[PDB]
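The chain below stands alone, shown as structure tokens; this is the form deposited in one PDB entry.
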């Protein structure tokens, strides 16, 4: 897994604790050129500060709010003009309203339900469609999911149904883009202390249950999602598509 002469777009860094910064440090250390997308100007300010830890000689930064077709379309097109063709996209983007990450799922509003779908699942479909234009030789696209996608986890609620939708999105994109040699896959990460994790009810007690109950008896971190991302995004994983790799101390496998 030497990645010199590769270029990857990383979507969804907000600060030093983001899962996408884990990916970024791993890829950067393997020699990749990196392009970052963000939403909030605060995330750009964090990226400028974090970029000083990386070996990248150039800040390639683009504001993409994935709710806007125009911004995705113009964002990727612009990326293609500044760096030319890419080898892969790491997608690390989800959002739901805090009301909807606690209490009763049956009480979820239409607008909350569709908001999480839009940002957390559809963004992947239109990103694949646009990033595909920069991968005429093929490449690799990886999104971040959680076990809540496969089973009902108390409190994860509307996000779990968005992650179900995302994981199917990965399977349908993989079938669609396979003949173009673009592999599509998901990493199912265990709980990691990030900014978004702060909004999820019961997150702390899940972290503890992982330590007690998961095969490795410990929580995973961002760099460990990064290591698996490096695998998924490179030729080491050349025959692998439509797959979901749980980076979660084995927790998915037990009951």
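Positions refer to the first chain, counted from 1. Take the two forms, find the largest set of C-alpha atoms that superpose within 1.5 Å, and that set is the rigid core.
This protein has a second form, the form deposited in another entry, left out of what is shown; the following refers to that one.
A movement of the C-alpha atom of residue 211 reaching 2 angstroms or beyond is seen between this form and the one not shown when the two forms are aligned on their rigid core. A movement of the C-alpha atom of residue 43 reaching 2 angstroms or beyond is seen between this form and the one not shown when the two forms are aligned on their rigid core. Relative to the superposed core, residue 27 undergoes a C-alpha shift smaller than 2 Å between this form and the one not shown.
Pairwise change in the other form: residue 210 and residue 184 C-alpha atoms lie farther apart than in the shown form, at least 3 Å. The pair residue 185 and residue 215 separates in the other form: their C-alpha atoms are at least 3 Å more distant from each other than in the form depicted.
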